[PDB]
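Colleague: Let me give you the structure first, and then I'll get to my questions.
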Amino acid sequence: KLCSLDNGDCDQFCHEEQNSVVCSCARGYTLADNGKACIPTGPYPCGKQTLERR
Amino acid sequence: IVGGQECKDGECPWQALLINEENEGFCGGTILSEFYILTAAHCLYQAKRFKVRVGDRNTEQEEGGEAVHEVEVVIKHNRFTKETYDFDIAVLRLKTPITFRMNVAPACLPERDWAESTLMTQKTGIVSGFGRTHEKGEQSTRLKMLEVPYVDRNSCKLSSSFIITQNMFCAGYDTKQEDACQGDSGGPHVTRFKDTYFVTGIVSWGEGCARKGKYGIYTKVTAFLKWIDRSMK
Ligand SMILES: C[N+](C)(C)CCCN1C(=O)[C@@H]2[C@H](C1=O)[C@H](c1ncc(-c3ccc(Cl)s3)o1)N1CCC[C@@H]21
Ligand code: NA
Ligand code: NA
């Protein structure tokens, strides 16, 4: 499985291992249990437009 | 910004504005965290003294969300050269921390190898600022953004009267009249990946604005991701 096809299914960073991919996330996000999604840890995570007026 | 469109509410929340002795904007910046702004080293020579405004979309209206921050430390790249604008990067540490809120949020710093394989290989990035709306014009009172295609390095070098180093990249259009401009320099070039915006460039220089056969020149942030991390401690 490869980062060159759909970014390895990763929401953010993807890196290839011998057989597999490993996903990771920027500071302010936690990698989800599924190993793919990036879950914000606060209301103003990096790189997100501020569209939900709190 | 020449061409493009006005940023919509919440859509450019990492934009910072460097303001001179007058509260006039002269350069942009990118919010990286509560304490740090990314800008161009060449911006540091454009005003004797300056502060940083965040949360502003309209410089002639008080929305209520705007804040001004003083600079505690300037961290200029030690290889910056005025002659060529090589190494055109600086980080500012603010005296007081930014409170993130509507129109005030950081852009993400990507991992280098993934940025190279995944962001820099996208069709386009986005540049923003309050700069001039045409080469000989006036600065925009409203924050604008613009989608700019990545331009290949060979084409970049051929088009330029000045050296393009590997710390620079081109973006924009050959003949279409859309570009960054004076007053945008130091500001953000970001690349979208699945609805998240990552820092990819710093507005650095151009031969005029939106000229035929010329492109916008940007500091290549991938070359400086380790330097940024060190600078931010
Ligand atoms: C050969 N070089 C020394 C690198 C040329 C540098 C020219 N340079 C400046 O001196 C800066 C910057 C610029 O392009 C800036 C400027 N003019 C056009 C632009 C841009 C157009 C497209 C961009 Cl991306 S950045 O930036 N100038 C207006 C105020 C300061 C001065
Ligand atoms: Na305002
Ligand atoms: Na052009």
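If you go along the chain as it appears here, the first residue is 1 and each next one adds 1.
Determined by X-ray crystallography, 1.3 Å, according to the entry header.
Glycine is no exception: its Cβ is also placed from the backbone N, Cα and C atoms.
Below are the features listed in Swiss-Prot for this protein:
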type	residues	note
ACT_SITE	B:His42	active site, charge relay system
ACT_SITE	B:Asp88	active site, charge relay system
ACT_SITE	B:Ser185	active site, charge relay system
DISULFID	B:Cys7-B:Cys12	disulfide bond
DISULFID	B:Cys27-B:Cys43	disulfide bond
DISULFID	B:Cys156-B:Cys170	disulfide bond
DISULFID	B:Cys181-B:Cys209	disulfide bond
Colleague: Cα of B:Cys27 (disulfide bond) to Cα of B:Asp88 (active site, charge relay system): how many Å, rounded?
Modeller: 13
Colleague: If you compare CA-to-CA distances from B:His42 (active site, charge relay system) to each of the recorded positions B:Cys12, B:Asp88, B:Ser185, B:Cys209, which comes out shortest?
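Modeller: For B:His42 (active site, charge relay system), the closest Cα among B:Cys12, B:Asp88, B:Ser185, B:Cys209 is found at B:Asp88.
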Colleague: Taking the Cα atoms as reference points, how far is B:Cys12 (disulfide bond) from B:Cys170 (disulfide bond) in Å?
Modeller: 21
Colleague: Consider the disulfide-bonded residues B:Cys7, B:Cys156, B:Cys170 and say which one has the Cα lying nearest the Cα of B:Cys181 (disulfide bond).
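Modeller: Closest by Cα distance to B:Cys181 (disulfide bond) among the disulfide-bonded residues B:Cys7, B:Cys156, B:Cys170: B:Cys170.
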Colleague: Under 8 Å Cβ-Cβ from B:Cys209 (disulfide bond), six or more apart in the same chain: what's there?
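Modeller: Set apart from B:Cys209 (disulfide bond) by at least 6 residues yet with Cβ under 8 Å, we have B:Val2, B:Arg132, B:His134, B:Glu135, B:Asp179, B:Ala180, B:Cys181, B:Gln182.
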Colleague: Near B:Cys7 (disulfide bond), which residues of its chain come within a Cβ-Cβ distance under 8 Å, counting only those 6 or more away in sequence?
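Modeller: Residues satisfying the criterion: B:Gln15, B:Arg57, B:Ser128, B:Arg142, B:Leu143, B:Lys144, B:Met145.
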Colleague: So how many other Cβ atoms are close to B:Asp88 (active site, charge relay system), meaning within 10 Å of its Cβ?
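Modeller: Around the Cβ of B:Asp88 (active site, charge relay system), 31 other Cβ atoms lie within 10 Å.
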Colleague: Checking the disulfide-bonded residues B:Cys43, B:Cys156, B:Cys170, which are within 10 Å of B:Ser185 (active site, charge relay system) at the Cα level?
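Modeller: Those close enough are B:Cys43.
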Colleague: Could you tell me which of the recorded positions B:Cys12, B:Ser185, B:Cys209 have their C-beta within a distance under 6 angstroms of some atom of ligand 1?
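Modeller: Cβ < 6 Å from ligand 1, in sequence order: B:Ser185, B:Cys209.
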Colleague: Please determine which of the disulfide-bonded residues listed here (B:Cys156, B:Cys170) has the lowest count of neighbouring CB atoms within 10 Å.
Modeller: B:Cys156
Colleague: Around the Cβ of B:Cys27 (disulfide bond), how many other Cβ atoms lie within 10 Å? Please give the count over every shown protein chain.
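Modeller: There are 27 of them.
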Colleague: Just to verify: the residue among B:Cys12, B:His42, B:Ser185 with the fewest other Cβ atoms within 10 Å, which of the recorded positions is it?
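Modeller: Sparsest of the recorded positions B:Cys12, B:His42, B:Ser185 by Cβ contacts within 10 Å: B:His42.
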